[PDB]
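The structure appears right after this line, and notes come after that.
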Amino acid sequence: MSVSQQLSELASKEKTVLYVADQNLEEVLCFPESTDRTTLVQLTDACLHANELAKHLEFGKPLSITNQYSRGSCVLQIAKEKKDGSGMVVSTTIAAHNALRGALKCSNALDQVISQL
Amino acid sequence: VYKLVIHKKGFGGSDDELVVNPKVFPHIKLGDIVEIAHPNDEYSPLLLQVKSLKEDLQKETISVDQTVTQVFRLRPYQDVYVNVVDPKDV
Amino acid sequence: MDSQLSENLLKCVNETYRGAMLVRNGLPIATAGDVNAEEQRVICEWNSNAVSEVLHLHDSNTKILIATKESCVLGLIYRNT
Amino acid sequence: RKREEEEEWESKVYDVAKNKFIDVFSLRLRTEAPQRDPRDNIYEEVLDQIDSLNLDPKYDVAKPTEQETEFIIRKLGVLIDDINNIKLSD
Amino acid sequence: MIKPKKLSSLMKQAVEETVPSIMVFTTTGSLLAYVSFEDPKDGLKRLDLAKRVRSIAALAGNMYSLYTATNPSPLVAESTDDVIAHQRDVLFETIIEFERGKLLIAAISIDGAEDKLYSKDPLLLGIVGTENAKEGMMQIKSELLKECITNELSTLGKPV
Amino acid sequence: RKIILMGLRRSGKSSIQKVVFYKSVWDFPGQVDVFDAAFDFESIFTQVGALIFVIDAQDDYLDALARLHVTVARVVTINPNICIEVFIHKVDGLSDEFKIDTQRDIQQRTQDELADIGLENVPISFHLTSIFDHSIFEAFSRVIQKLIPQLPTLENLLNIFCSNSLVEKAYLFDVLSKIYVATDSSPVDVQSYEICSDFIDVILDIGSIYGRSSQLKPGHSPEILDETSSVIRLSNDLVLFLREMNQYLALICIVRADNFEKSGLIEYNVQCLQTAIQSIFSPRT
Ligand SMILES: Nc1nc2c(ncn2[C@@H]2O[C@H](COP(=O)(O)OP(=O)(O)O)[C@@H](O)[C@H]2O)c(=O)[nH]1
């Protein structure tokens with residue numbers, strides 16, 4: 001069970017949440033299994049609206065949105081579309097100041113394999 | 001709070017004083033009486049009867065005929081309160 | 001890019017270290033030499049407790065010299081052969 | 001014989017301008033909504049049972065000599081001084 | 001009073017080949033001032049560049065305003081509730097990566113007063129990158145431009 | 001194609017061309033009609049797609065209706081693609097009860113004699129015009145909309161632009177004549193149309209006062225000028241804004257100020273509609 005493997009390895013040594021949610025709120029829930037709150041639907045709605053908005057720029061399709069907040073609340077996301085053409089899947093993860101700038105790219109590196117398969 | 005759109009009776013396929021979208025108002029059936037009033041009521045509210053259900057409108061919009069809005073001092077493109085009242089009270 | 005940082009990065013690259021890689025804790029700031037075909041994301045995602053490490057890929061033959069202090073990482077690219 | 005080509009041109013430029021617009025009404029806070037599909041989650045475990053890639057960051061550690069360590073700790077300090085010696089005006 | 005020629009001269013010195021356009025706009029997409037790498041000589045070459053910069057600022061202000069209503073700060077750093085009470089955070093940096101460019105949106109924390117020359121809309125610094133651009137140099141340029149614009153806009157409220 | 005303003009004597013045609021045309025519109029006189037051979041009527045009526053007959057509401061109109069019926073028969077025997085419109089005129093002095101009864105009487109008197117003649121295939125429209133109001137501009141706009149073969153494409157473009165951008169009402173005016181080429185599917189309010197007509201007056205007058213440097217250079221402008229864009233915010237939670245589309249066209253939209261907080265997205269959709277209009281009206285193969 002690779003889900004329990006990453007559920008021990010990406011919730012312990014860097015302390016980040018992981019959401020692999022989508023448009024219709026099929027919640028791949030909190031990987032430390034904390035309280036869910038209302039930040040998931042807000043972040044997923046903002047990411048889908050930002051992925052809709054940034055297609056109209058000249059630079060092309062977005063790969064990632066690295067949204068750094070103050071005093072160590074830095075959030076990175078990667079949005080990828082569904083294979084059956086029914087929407088998009090985001091990959092939300094929240095960390096500290098230097099916790100994102102570091103081993104969080106490992107967590108999104110496993111999460112993009114998850115969103116592929 | 002819903003946006004107030006005006007239409008013309010007999011124009012564009014609309015033959016009623018009130019056009020109610022069923023996907024905006026799922027609790028409104030045929031023959032109901034709909035109270036349309038201003039926020040912070042200055043004038044009398046408007047009561048109209050539902051005679052058709054068309055899905056051409058967008059969300060949070062209710063279509064009233066232009067002369068009915070001109071009689072009741074309803075400004076177009078404004079917020080209105082949409083409520084359903086019993087026929088025995090009015 | 002400043003001129004003194006550009007000449008310092010040119011002083012980083014030589015006939016021994018064929019590639020220079022300057023990077024913050026998460027974001028790159030300066031590149032020199034042959035920095036392509038991965039070998040940059042593994043420097044960006046790198047984090048460890050100690051300060052002096054030597055790393056090479058087990059599916060490649062490129063050896064990287066890595067130092068990290070004051071939230072700034074320097075990477076030197078040279079072939080393991 | 002030439003008006004139909006003009007109509008096809010107007011249809012394809014109408015499709016281009018339809019695809020190039022921005023839906024402002026979809027670009028709002030549709031949150032605080034109830035859940036829709038909380039059951040379809042077993043696809044996550046049956047796809048991520050193994051899928052041949054659960055692999056840690058590799059960076060296979062050899063031990064540094066003191067010459068290269070001294071070289072890189074001398075270089076990183078003056079590069080850090082170059083970073084904090086930056087200025088907007090030249 | 002704000003002088004846009006002063007802002008253009010302040011942002012002209014932070015422009016390299018990998019950073020074509022640096023602009024300052026509001027959260028509603030209203031552009032204040034902008035620069036460019038190459039200065040156009042034709043009129044239409046200025047007009048299409050100004051239209052592109054205005055469209056970039058118009059999309060980037062709404063892309064910042066979508067994320068400004070979300071507080072992810074309680075969902076990290078498990079500690080006491082006084083620390084959570086100290087976590088009244090506002091967004092100050094946003095980096096978006098594309099195939100053929102990069103975009104950085106940073107909110108300029110204007111000094112002087114909380115109601116000096118903005119009606120609850122912070123000025124946003126937009127930095128446009130390319131494929132060869134590096135995101136860490138853009139953050140250094142963003143913090144230098146923010147700390148210079150804030151000192152430049154500290155003398156606001158000009159009289160008569 | 002040309003527009004022919006027919007009618008009888010003292011019907012109001014010269015006042016219509018004083019108000020509209022004088023701030024191809026041709027005014028045939030109230031006498032020497034199609035029975036007279038003073039003009040080559042069959043040559044002119046082939047090239048004319050819109051026929052407008054002006055009928056006075058206050059005066060007796062049965063001789064005017066007979067002249068209109070024989071003119072309709074003449075132009076149908078000349079060409080089957082002509083559009084016929086009836087301009088009921090001089091309704092400024094009439095009451096609100098009088099206009100509806102006059103329109104009902106004129107329409108019932110006309111549409112039954114159309115079946116009595118037998119030319120039921122042709123469409124004949126009816127308009128209530130007055131030179132002291134803006135209804136003559138709206139009636140001439142609905143006349144002009146029939147002649148343009150590109151009306152449903154522009155109307156569908158304005159419909160999807162109003163639905164996407166939360167724009168309440170949109171018009172595509174011509175700034176020289178204050179006649180709107182296209183509008184959306186929602187009805188045209190007279191209170192909206194008056195302020196949309198005077199918005200062009202304010203813009204053109206201020207741009208005539210202050211647009212003196214460059215602008216009207218005889219050789220060429222060394223720098224290409226910006227398109228004229230304006231924004232007016234009102235006190236009743238409504239915003240009017242114009243964007244210059246072509247050298248003679250403009251787009252005035254009515255938007256709530258709640259929806260004008262996201263004015264950048266509306267500006268982007270206005271730019272995309274500008275690209276669509278400039279690609280439609282460009283010469284092509
Ligand atoms: N008060 C008023 N007078 C009108 C109106 N329409 C037309 N008239 C008058 O009626 C006259 C009609 O003249 P007209 O038929 O246009 O002259 P013609 O074109 O040479 O045959 C004009 O001189 C106007 O003064 C109206 O709406 N109100």
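Residues are referred to by chain and number: the chain letter is A, B, ... according to the order shown in the structure tokens, the number counts from 1 in that chain, and ligands are numbered separately from 1 in the order shown.
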Which residues are near ligand 1 in this structure, taking near to mean any atom at most 12 Å from a ligand atom and counting only C-alpha atoms and all ligand atoms? Format them as a PyMOL selection string.
chain F and resi 5-19+26-32+53-59+87-94+128-136
Could you pull the residues within 12 Å of residue 57 (chain E), counting only C-alpha atoms, minus those fewer than 6 positions along the same chain, as a ChimeraX atom specification?
/A:53-54,57 /E:21-34,50-51,63-64,103-105,123-128 /F:263-265,267-268
Residues from the last selection, N, CA and C atoms, saved as a short mmCIF file (atom, residue, chain, number, x, y, z; two decimals), in the first residue's frame:
data_model
loop_
_atom_site.label_atom_id
_atom_site.label_comp_id
_atom_site.auth_asym_id
_atom_site.auth_seq_id
_atom_site.Cartn_x
_atom_site.Cartn_y
_atom_site.Cartn_z
N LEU A 53 -7.76 31.62 -15.89
CA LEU A 53 -7.36 32.99 -16.23
C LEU A 53 -6.02 33.03 -16.97
N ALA A 54 -5.07 32.20 -16.56
CA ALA A 54 -3.72 32.30 -17.10
C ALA A 54 -3.55 31.63 -18.46
N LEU A 57 -3.19 34.48 -21.20
CA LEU A 57 -1.93 35.18 -21.36
C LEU A 57 -1.16 34.62 -22.56
N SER E 21 9.39 42.96 -19.18
CA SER E 21 8.44 43.97 -18.72
C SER E 21 8.30 43.92 -17.20
N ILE E 22 8.37 45.09 -16.57
CA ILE E 22 8.08 45.26 -15.15
C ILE E 22 7.01 46.33 -15.03
N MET E 23 5.91 46.00 -14.36
CA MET E 23 4.77 46.90 -14.29
C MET E 23 4.25 47.00 -12.87
N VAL E 24 3.61 48.13 -12.57
CA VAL E 24 2.97 48.38 -11.29
C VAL E 24 1.49 48.64 -11.55
N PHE E 25 0.62 47.88 -10.90
CA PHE E 25 -0.81 47.97 -11.14
C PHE E 25 -1.55 47.78 -9.82
N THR E 26 -2.87 47.93 -9.86
CA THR E 26 -3.72 47.73 -8.70
C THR E 26 -4.35 46.34 -8.76
N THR E 27 -5.16 46.03 -7.74
CA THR E 27 -5.79 44.71 -7.67
C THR E 27 -6.93 44.56 -8.66
N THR E 28 -7.47 45.66 -9.18
CA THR E 28 -8.51 45.61 -10.20
C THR E 28 -7.95 45.57 -11.61
N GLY E 29 -6.64 45.50 -11.77
CA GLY E 29 -6.02 45.46 -13.08
C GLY E 29 -5.70 46.81 -13.69
N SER E 30 -5.93 47.90 -12.96
CA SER E 30 -5.66 49.24 -13.48
C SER E 30 -4.16 49.51 -13.43
N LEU E 31 -3.56 49.73 -14.60
CA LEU E 31 -2.12 49.92 -14.70
C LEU E 31 -1.73 51.34 -14.28
N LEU E 32 -0.63 51.44 -13.54
CA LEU E 32 -0.07 52.74 -13.16
C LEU E 32 1.11 53.13 -14.03
N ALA E 33 2.15 52.30 -14.05
CA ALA E 33 3.34 52.57 -14.84
C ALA E 33 3.98 51.25 -15.23
N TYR E 34 4.73 51.28 -16.33
CA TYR E 34 5.38 50.08 -16.84
C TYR E 34 6.62 50.48 -17.63
N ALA E 50 1.67 48.30 -25.23
CA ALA E 50 0.86 48.85 -24.15
C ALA E 50 -0.42 48.04 -23.95
N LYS E 51 -1.02 47.56 -25.04
CA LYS E 51 -2.21 46.71 -24.94
C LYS E 51 -1.88 45.35 -24.32
N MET E 63 -5.93 37.51 -10.83
CA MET E 63 -5.27 36.30 -10.33
C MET E 63 -4.68 36.51 -8.94
N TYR E 64 -4.29 37.74 -8.60
CA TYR E 64 -3.91 38.02 -7.21
C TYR E 64 -5.14 38.11 -6.32
N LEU E 103 5.78 34.66 -14.46
CA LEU E 103 5.08 35.83 -13.94
C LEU E 103 5.23 35.86 -12.43
N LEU E 104 5.55 37.03 -11.89
CA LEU E 104 5.68 37.22 -10.45
C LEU E 104 4.80 38.40 -10.06
N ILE E 105 3.88 38.18 -9.13
CA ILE E 105 3.00 39.22 -8.61
C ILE E 105 3.33 39.41 -7.14
N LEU E 123 -1.01 48.18 -4.12
CA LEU E 123 -0.37 48.20 -5.42
C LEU E 123 0.46 46.94 -5.62
N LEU E 124 0.37 46.36 -6.81
CA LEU E 124 1.01 45.09 -7.10
C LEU E 124 2.12 45.29 -8.12
N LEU E 125 3.26 44.66 -7.86
CA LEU E 125 4.41 44.72 -8.75
C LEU E 125 4.42 43.47 -9.62
N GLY E 126 4.26 43.66 -10.93
CA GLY E 126 4.26 42.55 -11.85
C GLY E 126 5.55 42.43 -12.62
N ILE E 127 6.21 41.28 -12.51
CA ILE E 127 7.49 41.03 -13.17
C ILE E 127 7.30 39.89 -14.16
N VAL E 128 7.60 40.15 -15.43
CA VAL E 128 7.42 39.20 -16.51
C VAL E 128 8.77 38.61 -16.86
N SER F 263 -13.22 44.99 -13.96
CA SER F 263 -13.27 45.69 -15.24
C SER F 263 -12.17 45.26 -16.19
N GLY F 264 -11.12 44.60 -15.69
CA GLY F 264 -10.07 44.10 -16.56
C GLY F 264 -10.53 42.96 -17.45
N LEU F 265 -11.38 42.08 -16.92
CA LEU F 265 -11.92 40.98 -17.72
C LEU F 265 -12.90 41.49 -18.77
N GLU F 267 -12.59 44.46 -20.07
CA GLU F 267 -11.68 45.10 -21.03
C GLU F 267 -11.07 44.07 -21.98
N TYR F 268 -10.71 42.89 -21.46
CA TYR F 268 -10.19 41.81 -22.30
C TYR F 268 -11.25 41.29 -23.27
#
May I ask you to extract the residues of chain D within 7 Å of chain F, using only C-alpha atoms, and to give them as a compact mmCIF listing (two decimals) with C-alpha atoms, in the first residue's frame?
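Ended up saving to iface-v9.txt:
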# COMPACT_ATOMS: atom_id res chain seq x y z
CA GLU D 10 -18.10 34.54 -39.92
CA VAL D 13 -14.42 33.85 -36.40
CA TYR D 14 -17.50 33.66 -34.13
CA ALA D 17 -14.20 34.95 -30.41
CA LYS D 20 -11.36 33.65 -26.59
CA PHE D 21 -13.84 35.15 -24.09
CA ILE D 22 -13.65 34.94 -20.29
CA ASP D 23 -16.62 33.71 -18.25
CA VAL D 24 -16.72 36.31 -15.47
CA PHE D 25 -19.68 34.62 -13.74
Near-region 64-68 of chain A list (7 Å; only C-alpha atoms; drop same-chain fewer than 5 positions) as number ranges by chain
A: 73-79; E: 93-97
Compile the residues of chain C that lie within 7 Å of chain E, evaluated using only C-alpha atoms, and express the compilation as a list in words.
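Residues passing the distance filter: residues 24, 27, 28 and 29 of chain C.
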Find the residues in chain A near chain D: any atom within 9 Å counts, using only C-alpha atoms. Write them as number ranges by chain.
A: 1-3, 5-6, 24-28, 38, 41-42, 45-46, 49-50, 52-53, 56, 106, 110, 113-114, 117
How would the residues just picked look written out with N, CA and C atoms as an mmCIF file, in the first residue's frame?
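Writing the result to again_10.cif gives the following:
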data_model
loop_
_atom_site.group_PDB
_atom_site.id
_atom_site.type_symbol
_atom_site.label_atom_id
_atom_site.label_comp_id
_atom_site.auth_asym_id
_atom_site.auth_seq_id
_atom_site.Cartn_x
_atom_site.Cartn_y
_atom_site.Cartn_z
ATOM 1 N N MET A 1 0.835 -1.195 0.000
ATOM 2 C CA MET A 1 0.000 0.000 0.000
ATOM 3 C C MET A 1 0.871 1.247 0.000
ATOM 4 N N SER A 2 1.045 1.833 -1.186
ATOM 5 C CA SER A 2 1.880 3.016 -1.348
ATOM 6 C C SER A 2 1.240 4.264 -0.761
ATOM 7 N N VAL A 3 -0.085 4.243 -0.577
ATOM 8 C CA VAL A 3 -0.793 5.352 0.055
ATOM 9 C C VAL A 3 -0.376 5.489 1.517
ATOM 10 N N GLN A 5 2.407 4.282 2.693
ATOM 11 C CA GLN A 5 3.836 4.577 2.605
ATOM 12 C C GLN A 5 4.090 6.077 2.503
ATOM 13 N N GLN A 6 3.416 6.749 1.566
ATOM 14 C CA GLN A 6 3.575 8.198 1.481
ATOM 15 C C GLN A 6 2.864 8.916 2.620
ATOM 16 N N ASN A 24 -15.228 18.951 -8.673
ATOM 17 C CA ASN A 24 -16.408 18.519 -7.939
ATOM 18 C C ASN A 24 -16.092 18.072 -6.516
ATOM 19 N N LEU A 25 -14.937 18.499 -5.979
ATOM 20 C CA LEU A 25 -14.525 18.323 -4.578
ATOM 21 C C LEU A 25 -14.426 16.852 -4.177
ATOM 22 N N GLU A 26 -13.918 16.022 -5.084
ATOM 23 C CA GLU A 26 -13.540 14.657 -4.726
ATOM 24 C C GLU A 26 -12.261 14.752 -3.906
ATOM 25 N N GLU A 27 -12.417 14.824 -2.588
ATOM 26 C CA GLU A 27 -11.336 15.247 -1.706
ATOM 27 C C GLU A 27 -10.422 14.073 -1.391
ATOM 28 N N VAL A 28 -9.254 14.043 -2.027
ATOM 29 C CA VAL A 28 -8.136 13.286 -1.483
ATOM 30 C C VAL A 28 -7.675 14.091 -0.279
ATOM 31 N N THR A 38 -11.946 24.799 5.894
ATOM 32 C CA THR A 38 -12.531 25.286 4.652
ATOM 33 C C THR A 38 -11.484 25.795 3.670
ATOM 34 N N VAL A 41 -11.389 23.925 -0.259
ATOM 35 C CA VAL A 41 -12.292 24.353 -1.323
ATOM 36 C C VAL A 41 -11.931 25.759 -1.807
ATOM 37 N N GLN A 42 -11.434 26.618 -0.906
ATOM 38 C CA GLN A 42 -10.990 27.960 -1.281
ATOM 39 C C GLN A 42 -9.749 27.910 -2.166
ATOM 40 N N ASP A 45 -10.705 26.216 -5.593
ATOM 41 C CA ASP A 45 -11.475 27.143 -6.419
ATOM 42 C C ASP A 45 -10.598 28.257 -6.978
ATOM 43 N N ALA A 46 -9.699 28.805 -6.147
ATOM 44 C CA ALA A 46 -8.764 29.826 -6.609
ATOM 45 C C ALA A 46 -7.784 29.276 -7.637
ATOM 46 N N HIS A 49 -9.743 28.793 -10.975
ATOM 47 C CA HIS A 49 -10.002 30.082 -11.610
ATOM 48 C C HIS A 49 -8.714 30.729 -12.117
ATOM 49 N N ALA A 50 -7.592 30.509 -11.424
ATOM 50 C CA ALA A 50 -6.314 31.026 -11.902
ATOM 51 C C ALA A 50 -5.798 30.243 -13.102
ATOM 52 N N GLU A 52 -7.856 28.890 -15.273
ATOM 53 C CA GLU A 52 -8.701 29.414 -16.341
ATOM 54 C C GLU A 52 -8.204 30.776 -16.818
ATOM 55 N N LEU A 53 -7.755 31.625 -15.885
ATOM 56 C CA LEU A 53 -7.361 32.988 -16.232
ATOM 57 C C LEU A 53 -6.025 33.034 -16.965
ATOM 58 N N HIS A 56 -5.259 32.694 -21.005
ATOM 59 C CA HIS A 56 -5.440 33.815 -21.916
ATOM 60 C C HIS A 56 -4.208 34.704 -22.023
ATOM 61 N N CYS A 106 10.012 17.260 -3.874
ATOM 62 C CA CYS A 106 9.864 15.808 -3.784
ATOM 63 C C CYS A 106 8.401 15.388 -3.652
ATOM 64 N N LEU A 110 6.276 13.168 -6.392
ATOM 65 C CA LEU A 110 5.455 11.965 -6.248
ATOM 66 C C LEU A 110 3.999 12.228 -6.639
ATOM 67 N N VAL A 113 3.319 11.930 -10.425
ATOM 68 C CA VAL A 113 3.187 10.521 -10.798
ATOM 69 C C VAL A 113 1.818 9.981 -10.388
ATOM 70 N N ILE A 114 1.313 10.412 -9.226
ATOM 71 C CA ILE A 114 -0.014 10.000 -8.757
ATOM 72 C C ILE A 114 -1.109 10.526 -9.681
ATOM 73 N N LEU A 117 -0.957 8.479 -12.809
ATOM 74 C CA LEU A 117 -1.486 7.124 -12.637
ATOM 75 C C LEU A 117 -2.352 6.980 -11.391
#
If you run DSSP over the backbone, which residues in region 9-40 of chain C end up strand (DSSP E or B)? Put them as a ChimeraX atom specification.
/C:19-24,28-33
For chain D, which residue among E:42, E:99, E:147, E:152 is the nearest when counting only C-alpha atoms?
E:147
What is the distance between CA of residue 78 (chain B) and CA of residue 90 (chain B), in Å to one decimal?
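CA of residue 90 (chain B) lies at a distance of 25.0 Å from CA of residue 78 (chain B).
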Taking the backbone alone, and naming residues the way the document does, which bits of chain B are alpha helix (DSSP H) by DSSP, as a PyMOL selection string?
chain B and resi 66-71
Any chance you could export the current selection's C-alpha atoms as a short mmCIF file (atom, residue, chain, number, x, y, z; two decimals), in the first residue's frame?
data_model
loop_
_atom_site.label_atom_id
_atom_site.label_comp_id
_atom_site.auth_asym_id
_atom_site.auth_seq_id
_atom_site.Cartn_x
_atom_site.Cartn_y
_atom_site.Cartn_z
CA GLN B 66 -41.22 46.24 -19.21
CA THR B 67 -44.59 47.97 -18.72
CA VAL B 68 -45.14 46.16 -15.41
CA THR B 69 -41.76 47.41 -14.19
CA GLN B 70 -42.58 50.91 -15.46
CA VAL B 71 -45.88 50.95 -13.55
#
Between CA of residue 96 (chain F) and CA of residue 110 (chain F), what is the distance, to one decimal in Å?
21.6 Å
Please report the interatomic distance between CA of residue 9 (chain B) and CA of residue 253 (chain F) in Å with one decimal.
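These two atoms are separated by 23.8 Å.
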